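Enquirer: Just dropping this structure here.
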Amino acid sequence: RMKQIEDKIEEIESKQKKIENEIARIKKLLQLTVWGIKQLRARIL
Amino acid sequence: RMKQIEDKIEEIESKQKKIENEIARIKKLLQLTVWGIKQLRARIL
Amino acid sequence: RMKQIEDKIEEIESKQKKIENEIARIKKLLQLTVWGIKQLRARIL
Ligand SMILES: [Cl-]
Ligand SMILES: [Cl-]
């Protein structure tokens with residue numbers, strides 16, 4: 001039963017790592033969209 | 001004590017599923033904002 | 001061994017809380033970028 005719990009924890013940890021990786025990618029893209037809106041407003045208006 | 005650990009794991013798993021769902025929604029909206037910035041720049045500039 | 005499992009669960013929970021916090025911040029910034037694209041399109045076009 002302990003091994004079953006340990007395996008489930010490993011699975012949750014692995015997925016948490018994937019989620020953290022996704023979040024960093026989202027943050028980077030979000031920063032690029034901020035840049036684009038800022039560049040648009042400045043270059044046009 | 002094992003049941004207490006198993007219940008906590010279930011709670012963490014449930015919340016992880018909610019987080020994954022939120023992340024997909026964020027990604028989709030982020031893709032729409034990219035589209036909007038791209039469409040703006042192309043249609044105007 | 002139970003304490004080791006309980007400590008790992010605490011670590012995963014702590015990181016899950018940080019992730020939830022990050023997600024809320026991403027959502028708020030994403031809402032601001034939506035506002036900016038909407039304001040741009042309306043003010044210009
Ligand atoms: Cl997670
Ligand atoms: Cl965006």
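Residues are referred to by chain and number: the chain letter is A, B, ... according to the order shown in the structure tokens, the number counts from 1 in that chain, and ligands are numbered separately from 1 in the order shown.
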Fewer than 4 positions away in the same chain doesn't count, so skip those; otherwise give me all residues within 12 Å of residue 19 of chain A, counting only C-alpha atoms, as a PyMOL selection string.
Expert: (chain A and resi 12-15+23-26) or (chain B and resi 16-24) or (chain C and resi 15-16+18-20+22-23)
Enquirer: Using only C-alpha atoms and all ligand atoms, which protein or nucleic acid residues are at most 6 Å from ligand 2, as a list in words?
Expert: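 Checked against 6 Å with only C-alpha atoms and all ligand atoms; the hits are residues 30 and 33 of chain A; 30 and 33 of chain B; 30 and 33 of chain C.
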Enquirer: Restrict the selected residues to N, CA and C atoms and save them as an mmCIF file, in the first residue's frame.
Expert:
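Generated output (result.cif):
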data_model
loop_
_atom_site.group_PDB
_atom_site.id
_atom_site.type_symbol
_atom_site.label_atom_id
_atom_site.label_comp_id
_atom_site.auth_asym_id
_atom_site.auth_seq_id
_atom_site.Cartn_x
_atom_site.Cartn_y
_atom_site.Cartn_z
ATOM 1 N N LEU A 30 2.719 35.810 -22.982
ATOM 2 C CA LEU A 30 1.977 36.926 -22.488
ATOM 3 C C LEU A 30 2.856 38.180 -22.508
ATOM 4 N N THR A 33 2.929 39.487 -26.012
ATOM 5 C CA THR A 33 1.722 40.160 -26.451
ATOM 6 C C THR A 33 1.664 41.547 -25.843
ATOM 7 N N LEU B 30 -5.132 33.323 -24.824
ATOM 8 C CA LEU B 30 -3.885 33.883 -25.240
ATOM 9 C C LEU B 30 -3.746 33.758 -26.760
ATOM 10 N N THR B 33 -5.758 36.490 -28.333
ATOM 11 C CA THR B 33 -5.179 37.817 -28.252
ATOM 12 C C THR B 33 -4.056 37.944 -29.262
ATOM 13 N N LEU C 30 -3.811 38.852 -18.586
ATOM 14 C CA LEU C 30 -4.467 38.501 -19.806
ATOM 15 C C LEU C 30 -5.715 39.371 -19.989
ATOM 16 N N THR C 33 -4.620 42.709 -21.272
ATOM 17 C CA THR C 33 -4.225 42.742 -22.667
ATOM 18 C C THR C 33 -5.459 42.712 -23.545
#
Enquirer: After superposing chain C onto chain A (least squares, all C-alpha atoms, pairing by order), export the transformed chain as a short mmCIF file (atom, residue, chain, number, x, y, z; two decimals) with N, CA, C and O atoms, in the first residue's frame.
Expert:
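Writing the result to selection-v2.cif gives the following:
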data_model
loop_
_atom_site.label_atom_id
_atom_site.label_comp_id
_atom_site.auth_asym_id
_atom_site.auth_seq_id
_atom_site.Cartn_x
_atom_site.Cartn_y
_atom_site.Cartn_z
N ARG C 1 0.83 -1.20 0.00
CA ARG C 1 0.00 0.00 0.00
C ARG C 1 0.87 1.26 0.00
O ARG C 1 0.55 2.23 -0.67
N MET C 2 2.00 1.24 0.71
CA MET C 2 2.91 2.37 0.71
C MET C 2 3.46 2.65 -0.69
O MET C 2 3.57 3.81 -1.10
N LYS C 3 3.80 1.60 -1.42
CA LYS C 3 4.33 1.76 -2.77
C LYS C 3 3.26 2.34 -3.68
O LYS C 3 3.54 3.18 -4.55
N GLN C 4 2.01 1.95 -3.48
CA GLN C 4 0.93 2.50 -4.29
C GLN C 4 0.81 4.02 -4.06
O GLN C 4 0.67 4.79 -5.00
N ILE C 5 0.88 4.44 -2.81
CA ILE C 5 0.84 5.86 -2.46
C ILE C 5 2.05 6.57 -3.05
O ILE C 5 1.91 7.64 -3.62
N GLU C 6 3.24 5.98 -2.93
CA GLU C 6 4.46 6.59 -3.45
C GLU C 6 4.40 6.74 -4.97
O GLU C 6 4.86 7.74 -5.52
N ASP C 7 3.79 5.78 -5.66
CA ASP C 7 3.69 5.87 -7.11
C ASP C 7 2.73 6.99 -7.50
O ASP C 7 2.97 7.69 -8.47
N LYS C 8 1.65 7.17 -6.75
CA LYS C 8 0.67 8.22 -7.04
C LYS C 8 1.29 9.60 -6.81
O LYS C 8 1.11 10.54 -7.60
N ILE C 9 2.05 9.73 -5.74
CA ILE C 9 2.79 10.94 -5.49
C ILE C 9 3.75 11.25 -6.63
O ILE C 9 3.84 12.40 -7.05
N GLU C 10 4.47 10.25 -7.14
CA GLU C 10 5.38 10.45 -8.26
C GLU C 10 4.62 10.95 -9.46
O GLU C 10 5.10 11.82 -10.17
N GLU C 11 3.43 10.40 -9.71
CA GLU C 11 2.65 10.83 -10.86
C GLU C 11 2.20 12.29 -10.71
O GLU C 11 2.22 13.07 -11.67
N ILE C 12 1.75 12.66 -9.51
CA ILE C 12 1.32 14.03 -9.26
C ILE C 12 2.48 14.98 -9.39
O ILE C 12 2.33 16.07 -9.98
N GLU C 13 3.64 14.61 -8.88
CA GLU C 13 4.84 15.43 -8.99
C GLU C 13 5.24 15.62 -10.43
O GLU C 13 5.63 16.72 -10.84
N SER C 14 5.18 14.56 -11.21
CA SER C 14 5.56 14.65 -12.61
C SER C 14 4.63 15.62 -13.35
O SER C 14 5.07 16.43 -14.16
N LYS C 15 3.34 15.55 -13.05
CA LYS C 15 2.39 16.42 -13.72
C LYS C 15 2.56 17.85 -13.24
O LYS C 15 2.42 18.80 -14.02
N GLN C 16 2.86 18.04 -11.97
CA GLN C 16 3.14 19.37 -11.45
C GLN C 16 4.33 19.99 -12.16
O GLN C 16 4.30 21.18 -12.50
N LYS C 17 5.37 19.22 -12.43
CA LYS C 17 6.49 19.75 -13.18
C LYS C 17 6.08 20.18 -14.58
O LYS C 17 6.55 21.22 -15.07
N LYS C 18 5.22 19.41 -15.23
CA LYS C 18 4.76 19.77 -16.57
C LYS C 18 3.97 21.07 -16.50
O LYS C 18 4.11 21.94 -17.37
N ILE C 19 3.14 21.21 -15.48
CA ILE C 19 2.33 22.42 -15.31
C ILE C 19 3.22 23.63 -15.09
O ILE C 19 2.99 24.69 -15.73
N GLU C 20 4.26 23.52 -14.28
CA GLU C 20 5.16 24.63 -14.06
C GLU C 20 5.84 25.03 -15.35
O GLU C 20 6.04 26.22 -15.61
N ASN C 21 6.19 24.05 -16.17
CA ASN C 21 6.82 24.33 -17.44
C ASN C 21 5.86 25.09 -18.36
O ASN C 21 6.25 26.04 -19.06
N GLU C 22 4.60 24.68 -18.37
CA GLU C 22 3.59 25.32 -19.22
C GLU C 22 3.38 26.74 -18.78
O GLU C 22 3.23 27.65 -19.60
N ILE C 23 3.33 26.95 -17.48
CA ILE C 23 3.11 28.28 -16.96
C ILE C 23 4.23 29.21 -17.38
O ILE C 23 3.96 30.37 -17.76
N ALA C 24 5.48 28.77 -17.35
CA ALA C 24 6.54 29.65 -17.78
C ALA C 24 6.40 30.02 -19.26
O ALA C 24 6.70 31.15 -19.65
N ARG C 25 5.97 29.08 -20.08
CA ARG C 25 5.78 29.35 -21.49
C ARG C 25 4.63 30.34 -21.70
O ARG C 25 4.72 31.24 -22.55
N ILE C 26 3.57 30.21 -20.93
CA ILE C 26 2.46 31.14 -21.01
C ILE C 26 2.90 32.52 -20.62
O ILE C 26 2.57 33.51 -21.29
N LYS C 27 3.69 32.64 -19.57
CA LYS C 27 4.16 33.93 -19.13
C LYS C 27 5.02 34.60 -20.18
O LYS C 27 4.93 35.82 -20.37
N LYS C 28 5.86 33.83 -20.85
CA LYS C 28 6.71 34.41 -21.88
C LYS C 28 5.88 34.91 -23.05
O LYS C 28 6.13 36.01 -23.57
N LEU C 29 4.90 34.14 -23.48
CA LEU C 29 4.06 34.58 -24.60
C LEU C 29 3.24 35.79 -24.18
O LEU C 29 3.08 36.73 -24.97
N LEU C 30 2.72 35.81 -22.98
CA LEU C 30 1.98 36.93 -22.49
C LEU C 30 2.86 38.18 -22.51
O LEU C 30 2.40 39.25 -22.95
N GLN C 31 4.13 38.07 -22.16
CA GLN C 31 5.03 39.21 -22.21
C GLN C 31 5.22 39.72 -23.65
O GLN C 31 5.31 40.93 -23.87
N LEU C 32 5.27 38.81 -24.61
CA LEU C 32 5.36 39.20 -26.01
C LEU C 32 4.10 39.90 -26.49
O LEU C 32 4.18 40.85 -27.29
N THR C 33 2.93 39.49 -26.01
CA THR C 33 1.72 40.16 -26.45
C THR C 33 1.66 41.55 -25.84
O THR C 33 1.18 42.47 -26.50
N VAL C 34 2.13 41.73 -24.61
CA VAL C 34 2.22 43.03 -24.01
C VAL C 34 3.11 43.91 -24.87
O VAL C 34 2.75 45.05 -25.18
N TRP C 35 4.28 43.38 -25.25
CA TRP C 35 5.20 44.12 -26.11
C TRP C 35 4.49 44.56 -27.41
O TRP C 35 4.66 45.70 -27.85
N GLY C 36 3.72 43.67 -28.02
CA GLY C 36 3.06 43.97 -29.28
C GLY C 36 2.00 45.05 -29.16
O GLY C 36 1.89 45.93 -30.03
N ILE C 37 1.25 45.04 -28.07
CA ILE C 37 0.24 46.04 -27.85
C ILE C 37 0.92 47.38 -27.60
O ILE C 37 0.51 48.41 -28.14
N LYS C 38 2.00 47.37 -26.82
CA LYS C 38 2.76 48.57 -26.51
C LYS C 38 3.40 49.17 -27.77
O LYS C 38 3.40 50.40 -27.98
N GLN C 39 3.95 48.30 -28.62
CA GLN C 39 4.59 48.74 -29.84
C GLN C 39 3.54 49.29 -30.80
O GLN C 39 3.78 50.33 -31.44
N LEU C 40 2.39 48.64 -30.92
CA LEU C 40 1.28 49.12 -31.75
C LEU C 40 0.82 50.51 -31.33
O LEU C 40 0.72 51.44 -32.15
N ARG C 41 0.52 50.67 -30.05
CA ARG C 41 -0.02 51.91 -29.58
C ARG C 41 1.02 53.01 -29.83
O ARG C 41 0.67 54.11 -30.30
N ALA C 42 2.30 52.74 -29.54
CA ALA C 42 3.35 53.76 -29.69
C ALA C 42 3.63 54.13 -31.15
O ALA C 42 3.79 55.30 -31.47
N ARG C 43 3.72 53.12 -32.01
CA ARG C 43 4.01 53.31 -33.43
C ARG C 43 2.88 53.98 -34.21
O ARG C 43 3.11 54.71 -35.19
N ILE C 44 1.65 53.75 -33.77
CA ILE C 44 0.48 54.31 -34.43
C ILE C 44 0.01 55.60 -33.77
O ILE C 44 -0.12 56.64 -34.43
N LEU C 45 -0.25 55.54 -32.46
CA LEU C 45 -0.90 56.63 -31.74
C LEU C 45 0.08 57.57 -31.06
O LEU C 45 -0.29 58.69 -30.70
#
